[PDB]
């Protein structure tokens, strides 16, 4: 009934009704004009002919290793290239933010309420005749059927990029500081009001929780020693709320501060490592500043760990999953002469696309043993049993599964994969093709183009009937992967903008924060600028086992 229900405005033009049956498109700053912002201005015509496809670019980034070897060692070209990826991605994100589940137009309520996930595309209106607006049937296909036909795993498909379990659990640990859906309110509500990398999954979302996790000497976090090893403190000792089955032994009720982290020993492995790391930095910082009190040591160490995280995320984690020969660089200075907003709001679609459960293996192989999901969940005695050094060595060696390419969601998390479909619809997401347009991709013309094969394509066609009505979540996991890659085109071209905006958006990247005094001087500053996944493990894990995100 709403005249904007068909999504008539193209190229990021905004649609507004102008009567019960009529509409208008606002083409301001789009580079186009016309009734629907489809006829381009002269300069636009030119930018367009010059613009290479995401697929062409990706080819160039994953070939010619010899040329990249050179570029990488010419600091000024490396900086030039990295500047361009940074800015070209980030300009895809609305900032300040617009739209959320309840608002398909820009209200002060949508801007000011930090309780919502923001939304890259506005929700389909409540009165549209079909779930996707105007197209398709009255009803999307039964979600159980989609799940079973194209998502559930038959045989385990390994990631051809060699992503290991260190990678999979880092992703889960790092992302769960900003994906924290508030189930009391609905999907599309978050409990992580920091809307980014604030390390609340280490220090607690609220001051109350932080103070419970704190030792209040030397800036340190509370902990216990079992065997000769440092672990998070207990729930009984700190009185912080955690989520645990009621039968779990007092000693194994680890507290840590993201309340959900005790349900997977892999999460708790990183919780322990980061806890250890905070306290290691306190020691260095105390050594450097005998004058300092507890508050300042805690607060400075926290700023340093924020930097270390972003460093690692860009130069090891994103580096790995990109498959690029170009060496990505964490360097806030790249943006000091650019237009850039040091702020971030996490999008609901970013939560959605980050559901990478295909990464999970059939069993968890902690060198020697092989645990089933049932055995693994809410079970920290495994961590105690094997210790951190083992775990690192084991997780470094076990391949994770491929994410795109279809049929690789472990049955053990089927209920989760289904909820993603259901909550997507509940939140009234626009189609896959609407999202491809939003991010400057060409809409798919058939399911067979989406998957690159024929079997899954046909199953999808019988269910959806029209490609322009295919949904975002199912499509990301079923999409044709890049040649020997973990992800398809859509995952990368939507993921990258959200990701890099969240990373560089941080206040510690702003000119006023990005200087040595912010981090306790030159010493604290180097901890950030030399941080890596290897040194994180090396410094904090008993032996000094080798790791990477790659299974070698």
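Between two forms, the rigid core is defined as the largest C-alpha subset superposing within 1.5 Å. Positions refer to the first chain, counted from 1.
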{"item": "Outlying stretch relative to shown form, 244-252 versus 352-360 in 6 other deposited structures of this protein, C-alpha RMS (core)", "value": "244-252"}
{"item": "Greatest C-alpha divergence in 6 other deposited structures of this protein once each structure is fitted on the rigid core, 310-318 or 87-95", "value": "87-95"}
{"item": "Mean C-alpha B-factor comparison - 272-280 and 183-191, higher one", "value": "183-191"}
{"item": "Stretch exceeding the other in mean C-alpha B-factor - 223-231, 365-373", "value": "365-373"}
{"item": "480, 454, 214, 102, ranked by C-alpha B-factor: the highest one", "value": "454"}
{"item": "Identity of residue with top Cα B-factor, from 515, 47, 501, 526", "value": "47"}
{"item": "Modelled-residue ranking by C-alpha temperature factor, third containing residue 60", "value": "highest"}
{"item": "Record-listed C-alpha B factor of residue 519: chain third", "value": "lowest"}
{"item": "Assigned third (lowest, middle, highest) for the C-alpha B factor of residue 70", "value": "highest"}
{"item": "Modelled-residue ranking by C-alpha temperature factor, third containing residue 331", "value": "middle"}
{"item": "Chain thirds of CA B-factor: placement of residue 507", "value": "lowest"}
